[PDB]
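Undergrad: Protein chains in written order, with the deposited numbering: chain G, 3 to 175; chain B, 3 to 175; chain W, 3 to 175; chain H, 3 to 175; chain V, 3 to 175; chain D, 3 to 175.
Number of protein chains: 6
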Amino acid sequence: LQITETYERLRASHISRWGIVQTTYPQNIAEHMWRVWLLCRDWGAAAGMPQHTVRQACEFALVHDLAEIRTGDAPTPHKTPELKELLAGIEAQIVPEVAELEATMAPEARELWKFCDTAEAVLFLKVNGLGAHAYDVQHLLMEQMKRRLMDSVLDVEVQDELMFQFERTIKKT
Amino acid sequence: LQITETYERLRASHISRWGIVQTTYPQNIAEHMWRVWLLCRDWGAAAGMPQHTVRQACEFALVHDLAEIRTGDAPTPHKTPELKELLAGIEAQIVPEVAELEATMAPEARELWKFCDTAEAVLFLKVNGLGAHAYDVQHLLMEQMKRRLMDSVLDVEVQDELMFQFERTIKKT
Amino acid sequence: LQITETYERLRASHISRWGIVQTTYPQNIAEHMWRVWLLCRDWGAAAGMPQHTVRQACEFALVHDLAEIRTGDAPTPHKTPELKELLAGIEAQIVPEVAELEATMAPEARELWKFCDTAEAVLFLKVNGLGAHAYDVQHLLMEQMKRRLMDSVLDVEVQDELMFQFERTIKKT
Amino acid sequence: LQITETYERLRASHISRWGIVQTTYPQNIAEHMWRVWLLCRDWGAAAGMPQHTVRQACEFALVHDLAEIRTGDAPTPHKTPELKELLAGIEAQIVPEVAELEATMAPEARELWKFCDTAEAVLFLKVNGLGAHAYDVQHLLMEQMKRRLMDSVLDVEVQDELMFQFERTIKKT
Amino acid sequence: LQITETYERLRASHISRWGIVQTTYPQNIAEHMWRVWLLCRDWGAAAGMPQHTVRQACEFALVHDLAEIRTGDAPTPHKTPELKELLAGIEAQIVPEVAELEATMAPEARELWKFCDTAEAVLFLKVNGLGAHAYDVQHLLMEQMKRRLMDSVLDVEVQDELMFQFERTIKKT
Amino acid sequence: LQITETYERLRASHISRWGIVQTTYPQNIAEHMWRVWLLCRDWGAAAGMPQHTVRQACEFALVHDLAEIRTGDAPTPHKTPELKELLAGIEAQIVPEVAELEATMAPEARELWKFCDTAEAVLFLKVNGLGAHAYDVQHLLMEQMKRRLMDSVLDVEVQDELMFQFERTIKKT
Ligand SMILES: Nc1ncnc2c1ncn2[C@H]1C[C@H](O)[C@@H](CO)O1
Ligand SMILES: Nc1ncnc2c1ncn2[C@H]1C[C@H](O)[C@@H](CO)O1
Ligand SMILES: Nc1ncnc2c1ncn2[C@H]1C[C@H](O)[C@@H](CO)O1
Ligand SMILES: Nc1ncnc2c1ncn2[C@H]1C[C@H](O)[C@@H](CO)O1
Ligand SMILES: Nc1ncnc2c1ncn2[C@H]1C[C@H](O)[C@@H](CO)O1
Ligand SMILES: Nc1ncnc2c1ncn2[C@H]1C[C@H](O)[C@@H](CO)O1
Ligand SMILES: [Co+2]
Ligand SMILES: [Co+2]
Ligand SMILES: [Co+2]
Ligand SMILES: [Co+2]
Ligand SMILES: [Co+2]
Ligand SMILES: [Co+2]
Ligand SMILES: [Co+2]
Ligand SMILES: [Co+2]
Ligand SMILES: [Co+2]
Ligand SMILES: [Co+2]
Ligand SMILES: [Co+2]
Ligand SMILES: [Co+2]
Ligand SMILES: [Co+2]
Ligand SMILES: [Co+2]
Ligand SMILES: [Co+2]
Ligand SMILES: [Co+2]
Ligand SMILES: [Co+2]
Ligand SMILES: [Co+2]
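(1) Going by the CB atoms, is the gap between D/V56 and D/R37 shorter than 8 Å?
(2) Taking the continuous alpha helix (DSSP H) assigned at W/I5, which residues delimit it?
(3) Using 10 angstroms around the beta-carbon of B/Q140, count the other beta-carbons present and answer buried if the total reaches 16, otherwise exposed.
(4) What did DSSP end up calling B/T25 once you bin it into helix, strand or coil?
(5) Identify the residues that DSSP records as bridge partners of V/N30: which are they?
(6) Closer than 9 Å, Cβ to any Cβ of chain V: which residues of the region 23–57 of chain G, in chain order?
(7) Going by other Cβ atoms of all chains shown within 10 Å of its Cβ, with 16 needed for buried, is D/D119 buried or exposed?
(8) Thinking just about the alpha-carbon of each residue, which of D/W115, D/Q95, D/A49 and D/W20 is nearest to the one in D/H66?
(9) Buried or exposed for B/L143, going by 16 or more other Cβ atoms inside 10 Å?
(10) If you draw a straight line from the C-alpha of G/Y137 to the C-alpha of G/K128, how long is it?
(11) Using a Cβ-Cβ cut-off of less than 7 Å, list which residues of the region 123–154 of chain W approach chain G; keep chain order.
(12) CB of V/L142 to nearest heavy atom of ligand 5: below 7 Å?
(13) Taking B/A63 as the reference, give the member of W/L40, W/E7 and W/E159 with the closest Cα.
(14) Identify the contact partners of B/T175 in chain H, using a Cβ-Cβ distance below 9 Å as the criterion.
(15) Taking 8 Å as the threshold (beta carbon to beta carbon), is V/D67 in contact with chain D?
(16) Return helix, strand or coil for G/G50, following the three-state DSSP convention.
(17) Using 10 angstroms around the beta-carbon of V/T78, count the other beta-carbons present and answer buried if the total reaches 16, otherwise exposed.
(18) Among W/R19, W/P109, W/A101 and W/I96, whose alpha-carbon lies nearest the alpha-carbon of W/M51?
(19) Shorter than 8 Å from the beta carbon of G/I172 to some beta carbon of chain C?
(20) Quick one, what's near ligand 15 if you take every residue whose CB is closer than 7 Å to any heavy atom, in chain order?
(21) Could you check whether the region 69–76 of chain W touches the region 10–18 of chain W, counting it as contact only if at least three pairs of C-beta atoms, one from each stretch, sit closer than 8 Å?
(22) Count Cβ pairs between the region 74–93 of chain D and the region 88–95 of chain V that sit closer than 8 Å; are there 3 or more?
(23) How long is the line joining the alpha carbons of V/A49 and V/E102, rounded to whole angstroms?
(24) For W/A32, which residues in the same chain have their Cβ closer than 6 Å to its Cβ, ignoring the five residues on either side in sequence?
(25) Could you check which residue in V/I5, V/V97, V/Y9 and V/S18 has the C-alpha nearest to that of H/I172?
(26) Rank D/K174, D/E163 and D/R170 by C-alpha distance to the C-alpha of D/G46 and give the top, closest one.
(27) Provide the residue(s) that pair with D/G131 in DSSP beta bridges, ordered along the chain.
(28) Heavy atom of ligand 8 less than 7 Å from the Cβ of V/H66, yes or no?
(29) For D/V155, does the count of other Cβ atoms within 10 angstroms reach 16, so buried, or fall short, so exposed?
(30) Taking only beta-carbon atoms, is W/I71 less than 8 Å away from chain H?
(31) Run through chain W and tell me which residues come within less than 7 Å of H/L85, C-beta to C-beta.
(32) Judging by CA-CA distance, which residue of H/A111, H/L88, H/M165 and H/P98 is the nearest neighbour of H/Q58?
(33) From what residue to what residue does the alpha helix (DSSP H) around W/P98 run?
(34) Can you give the beta carbon distance from G/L125 to G/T175, rounded, assuming they're within the 8 Å contact cut?
(35) Excluding sequence positions up to five away, which residues of its chain have a Cβ less than 8 Å from the Cβ of V/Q29?
(36) If you measure from the CB of B/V38, is any heavy atom of ligand 11 nearer than 7 Å?
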């Protein structure tokens with residue numbers, strides 16, 4: 003069950019996202035993690051977040067979905083509380099080092115990472131989603147991203163900077 | 003959670019299979035279910051199985067993976083006993099009519115269906131799998147298909163006919 | 003010429019549709035037949051059509067385009083009366099069992115099947131068609147679907163139910 | 003029916019080949035015609051064929067499959083003598099200018115063109131064909147290409163040069 | 003460095019265009035050159051250009067991007083004056099025969115070819131471009147195509163015919 | 003010319019690699035950079051390289067090909083000494099921050115990064131390359147990777163560990 007080899011970790015590029023949504027091509031978790039890392043780096047710096055917080059979010063962004071090399075990438079609505087608790091233990095066996103980073107992550111770094119994880123999905127579907135259901139998922143994810151940020155421990159000024167950067171970015175995507 | 007609309011059921015063609023395996027293109031559950039239905043029809047008749055048993059397996063084959071319109075298509079190794087029990091209840095809420103057909107299916111029809119469900123995957127990867135991991139998965143699925151058939155309630159003569167047809171088919175695929 | 007083997011019938015997933023229309027990906031006849039079957043099942047029941055009529059349309063839907071494993075999937079405008087008469091005889095040699103089902107099909111089951119065969123194409127292009135010509139073909143097929151239904155032997159109440167379901171479905175596709 | 007506009011002729015790149023054969027991607031008739039033209043140019047010159055003969059074959063190669071913008075690209079085995087006679091008249095209405103070039107083509111230019119038309123298909127499948135059926139079609143086309151060349155009006159020395167170039171080319175493709 | 007073999011020239015279909023722009027699929031230089039040739043042929047004749055000028059533009063269109071079999075297809079904005087001078091010498095070593103045709107091309111044939119080379123790209127992106135950046139590139143290329151034509155040695159009447167045909171074509175693409 | 007915006011950096015996933023080589027799909031520079039980063043992290047640690055050296059190679063791996071968002075991804079054989087000198091200055095204007103990291107990189111970190119940059123390409127083509135030319139490029143890149151490592155400043159023990167890990171990885175890819 004545990005992922006221990008580089009040949010297995012390289013299969014991040016063989017893991018297809020958007021399993022229940024029509025898209026122009028099958029996006030993999032490697033390109034997703036690189037783009038989430040990029041957003042953490044750029045938007046964490048734009049929001050004036052502490053260097054240690056941005057570094058922690060970037061480090062997590064690069065490996066955060068590695069358990070999907072075994073589990074597959076399940077659609078967010080499927081992950082109900084009872085399923086997520088079972089998945090938490092399974093993912094801890096698959097990628098113990100990722101579980102350790104997750105357990106150490108400061109709340110501010112977690113909120114920067116989660117904002118970027120969701121923003122990357124909205125930005126991806128803006129270009130590559132096909133059809134009414136994909137349109138609805140893109141808009142639902144944007145609504146969820148905003149609500150989570152608004153209710154987060156991030157300072158209002160930081161939330162505003164993140165939304166300022168997100169809106170500017172999606173307009174040119 | 004429950005699937006109630008034709009526009010949702012049509013999304014069987016938007017559900018991508020092989021979420022953790024490299025393939026030439028993203029196969030969807032609609033083409034998979036049609037091919038499993040075809041194998042149940044042809045191989046059930048070739049094995050001289052009772053018409054009622056073949057009909058039951060074909061009817062189940064056409065809708066068996068419909069819950070994946072909500073859950074996504076998780077890789078078989080991920081479905082451990084504890085996860086499968088949680089998934090059974092969730093899938094019963096998603097597609098109650100499919101759960102009812104599954105609960106009514108006779109053991110012989112279930113074994114014909116399962117043999118065809120797995121054979122379709124091996125046949126698909128024979129043409130469309132890419133790389134060492136896909137090669138291993140194709141061979142593991144074939145080994146699992148054979149072991150399940152060998153330990154099933156199907157008569158030895160029926161198991162032999164099914165293996166006779168499977169081997170002839172894969173050689174020309 | 004005759005299709006006699008399961009390895010040949012499995013090639014329904016190797017037969018590409020939309021040979022002269024730009025699309026996001028090459029849809030195959032297996033996913034098409036599964037979706038047409040689904041529409042016959044759901045919309046035949048929604049329209050309150052007799053169970054025997056719905057069953058006949060569903061049975062035909064699952065195999066109706068199998069001759070295309072040999073002929074290829076020719077674009078509808080190409081099939082003029084003189085060509086269709088030649089193709090009828092060729093297809094009868096390729097898939098005699100499909101020709102027998104076609105010859106037995108009741109007019110009401112044929113009209114439910116044809117409405118669903120065309121509706122599936124319009125629904126597919128709504129999501130996956132690319133460009134002006136694909137847009138025109140999607141709209142021409144919808145116009146043809148409506149005209150055929152309006153001039154059919156189906157009761158006005160059944161035609162209205164089918165159009166009610168079609169419009170609701172395409173709006174969410 | 004007649005193709006009269008540049009926007010229609012540009013749809014050569016929207017016409018998918020290999021309608022009944024599994025391939026890595028959908029090759030269009032525009033890339034096919036360019037490659038057939040290239041083979042006529044290079045191999046006609048390598049075989050020392052008269053400049054007028056090579057020019058005629060190249061000119062035909064560039065437009066030879068244009069009627070498929072309306073008809074679709076039917077698989078060669080489907081084109082039986084009776085169907086080909088009906089298709090000849092239909093294609094003459096679709097592309098009268100292509101029909102005129104075909105009617106004027108000298109036997110030697112026709113044989114250079116046909117050798118290149120078939121060789122391009124074998125070369126394409128060598129790289130992009132997937133599965134047993136595609137393998138068989140690639141080998142059947144090569145056998146047909148050789149038999150037609152061997153029975154043609156081309157001088158033995160020209161046939162040998164064409165086969166010499168074909169074998170060298172496929173080895174490095 | 004020099005391209006000398008037919009197996010290398012056949013790789014025109016392995017050279018992907020739009021290296022920095024999101025598209026529905028990877029268009030190759032073979033389909034591009036065929037479409038540019040088609041536009042030169044049709045639009046050169048529609049504009050009443052001399053037969054020798056149209057022939058020269060068509061001949062160049064068919065081979066003009068062959069050096070990209072070695073260089074790759076670099077995005078137009080990247081080709082600054084200093085880089086283009088270095089590339090001119092490299093391309094002359096790669097495809098000496100293409101360099102000779104380019105050096106012989108009359109200004110009017112060059113302007114017909116360049117108008118068609120750019121128009122083909124705008125027409126391609128109209129159907130197959132994805133996202134804001136692809137939209138901007140499509141519109142920038144159209145602006146560049148118009149400005150170059152307006153400042154060219156072509157007679158105003160010829161420029162008007164070319165724009166008349168371009169606008170009619172894109173409206174139906 | 004300079005890349006200054008996150009919406010531009012996100013286009014790493016719109017930059018297609020392998021511009022002159024046939025592949026199963028168009029790999030982008032984002033998935034490439036993530037995989038190169040992964041190889042630097044895992045193989046740098048496996049080789050017992052100093053933590054500061056591994057960190058420097060990983061940091062460079064994540065952004066090393068960002069200038070290709072403007073330049074496109076040119077094939078390695080095209081980058082001759084004279085072209086590389088011109089490209090060095092252009093890339094310094096496009097991504098000044100990447101140029102600064104490159105200028106600061108220690109020789110050992112550069113050799114770990116370059117080994118991983120090339121190994122990722124060989125591993126990618128092992129699964130996704132199509133045809134004779136792609137096969138030759140995969141083998142040429144492996145030969146180049148080995149020769150550069152053998153002539154590098156890395157200790158023989160480190161070179162042996164890197165080759166030990168590379169061979170184990172490719173066997174299971
Ligand atoms: N509402 C949704 N419906 C369907 N798919 C969705 C939805 N939200 C996220 N996703 C996808 C994106 C990733 O593949 C995965 C989350 O990591 O789930
Ligand atoms: N051993 C395996 N590794 C990875 N993927 C596998 C394996 N076996 C089956 N699959 C896929 C096929 C379907 O998408 C899905 C089962 O419905 O899981
Ligand atoms: N007007 C049309 N133009 C082009 N293609 C069309 C048109 N109508 C249907 N099709 C396609 C759909 C199937 O592939 C096939 C019919 O089974 O033809
Ligand atoms: N034996 C064959 N089986 C299936 N497809 C074949 C066969 N030979 C040629 N083709 C394809 C290639 C073109 O798409 C088209 C001929 O222009 O038919
Ligand atoms: N402004 C642009 N930005 C990005 N890509 C562009 C642009 N203009 C042309 N192209 C592409 C088209 C061909 O692949 C190639 C020119 O032969 O460059
Ligand atoms: N010998 C070669 N022939 C063709 N393409 C090659 C070769 N070596 C590398 N590549 C590709 C890989 C990247 O896209 C790019 C280098 O970053 O060039
Ligand atoms: Co996920
Ligand atoms: Co994620
Ligand atoms: Co601010
Ligand atoms: Co499944
Ligand atoms: Co299944
Ligand atoms: Co028997
Ligand atoms: Co059809
Ligand atoms: Co049909
Ligand atoms: Co009603
Ligand atoms: Co054809
Ligand atoms: Co042809
Ligand atoms: Co000779
Ligand atoms: Co170019
Ligand atoms: Co060009
Ligand atoms: Co005029
Ligand atoms: Co590069
Ligand atoms: Co690189
Ligand atoms: Co060691």
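Idealized CB from N, CA, C, for every residue including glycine.
TA: Quick answer:
(1) Looking up residue 37 of chain D in the sixth sequence gives position 35. Looking up residue 56 of chain D in the sixth sequence gives position 54. For D/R37 and D/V56, no; Cβs fall outside 8 Å.
(2) Here residue 5 of chain W refers to the residue found at position 3 of the third sequence. Annotation for W/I5: no alpha helix (DSSP H) segment contains it, and DSSP assigns it neither H nor E.
(3) Here the question's residue 140 of chain B lines up with position 138 in the second sequence. Per the 10 Å Cβ criterion, buried.
(4) The sequence position of residue 25 of chain B within the second sequence is 23, counting from 1. In the structure shown, the three-state DSSP call for B/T25 is strand.
(5) Here the question's residue 30 of chain V lines up with position 28 in the fifth sequence. Beta-bridge pairing links V/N30 to V/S18.
(6) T26 and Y27
(7) Numbered from its first residue, the sixth sequence carries residue 119 of chain D at position 117. It counts as buried.
(8) Position 64 of the sixth sequence, counting from 1, holds the residue named residue 66 of chain D. The option with the nearest alpha carbon to D/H66 is D/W115.
(9) The sequence position of residue 143 of chain B within the second sequence is 141, counting from 1. B/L143 is classed as buried because its beta carbon has at least 16 other beta carbons within 10 Å across all chains shown.
(10) As a first step, residue 137 of chain G must be located in the first sequence, where it is residue number 135. As a first step, residue 128 of chain G must be located in the first sequence, where it is residue number 126. Roughly 8 Å between the two C-alpha positions.
(11) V129 and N130
(12) Within the fifth sequence, residue 142 of chain V is the residue found at index 140, counting from 1. Yes, ligand 5 has a heavy atom inside 7 Å of this Cβ.
(13) By one-based count along the second sequence, residue 63 of chain B stands at place 61. Here the closest residue by C-alpha is W/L40.
(14) By 1-based counting over the second sequence, the position of residue 175 of chain B is 173. Going along chain H in sequence order, the residues near B/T175 (Cβ under 9 Å) are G133, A134 and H135.
(15) Within the fifth sequence, residue 67 of chain V is the residue found at index 65, counting from 1. Judged by the 8 Å Cβ criterion, V/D67 is not in contact with chain D.
(16) Looking up residue 50 of chain G in the first sequence gives position 48. In this structure, G/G50 counts as coil in the three-state DSSP scheme.
(17) Locating residue 78 of chain V in the fifth sequence gives position 76, counting from the first residue. V/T78 comes out exposed.
(18) Taking the third sequence and counting its residues from 1, the one referred to as residue 51 of chain W is at position 49. The alpha carbon of W/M51 has as its nearest neighbour, out of W/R19, W/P109, W/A101 and W/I96, the alpha carbon of W/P109.
(19) The structure shown contains no chain C; its protein chains are G, B, W, H, V and D.
(20) W/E163 and W/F166
(21) The region 69–76 of chain W, when compared against the region 10–18 of chain W, does touch it at the 8 Å Cβ threshold.
(22) Counting C-beta pairs with one atom in each stretch, the region 74–93 of chain D and the region 88–95 of chain V have three or more that are closer than 8 Å, which means they touch.
(23) Within the fifth sequence, residue 49 of chain V is the residue found at index 47, counting from 1. Within the fifth sequence, residue 102 of chain V is the residue found at index 100, counting from 1. In a straight line, the C-alpha of V/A49 is about 26 Å away from that of V/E102.
(24) Start at 1 with the first residue of the third sequence, and residue 32 of chain W comes out as number 30. Cβ within range, chain order: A14 and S15.
(25) Position 170 of the fourth sequence, counted from the start, is the residue given in the question as residue 172 of chain H. When V/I5, V/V97, V/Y9 and V/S18 are compared, the shortest CA-CA separation from H/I172 is found for V/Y9.
(26) Along the sixth sequence, one-based indexing puts residue 46 of chain D at 44. Of the candidates D/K174, D/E163 and D/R170, the one whose C-alpha sits nearest the C-alpha of D/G46 is D/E163.
(27) The count along the sixth sequence starts at 1 and reaches residue 131 of chain D at position 129. Per DSSP, D/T25.
(28) Residue mapping note: residue 66 of chain V aligns to position 64 of the fifth sequence, counting from 1. Checking every heavy atom of ligand 8 against the Cβ of V/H66, none is found closer than 7 Å.
(29) Taking the first residue of the sixth sequence as position 1, residue 155 of chain D is located at position 153. Under this definition D/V155 is an exposed residue.
(30) By one-based count along the third sequence, residue 71 of chain W stands at place 69. Judged by the 8 Å Cβ criterion, W/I71 is in contact with chain H.
(31) Mapped onto the fourth sequence, residue 85 of chain H falls at position 83. Those within 7 Å of H/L85 in chain W are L88.
(32) Counted from its first residue, the fourth sequence places residue 58 of chain H at position 56. Selected option, being the one with the closest Cα: H/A111.
(33) Walking along the third sequence from the start, residue 98 of chain W turns up at place 96. W/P98: member of the alpha helix (DSSP H) spanning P98 to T106, first to last residue.
(34) Here residue 125 of chain G corresponds to residue number 123 of the first sequence, with the count starting at 1. Here residue 175 of chain G corresponds to residue number 173 of the first sequence, with the count starting at 1. Right, their Cβ atoms sit about 5 Å apart.
(35) On the fifth sequence, position 27 is the one that residue 29 of chain V refers to. So the qualifying residues of the chain are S18, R19, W20, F126 and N130.
(36) Mapped onto the second sequence, residue 38 of chain B falls at position 36. Because some heavy atom of ligand 11 lies under 7 Å away, the Cβ of B/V38 counts as near it: yes.
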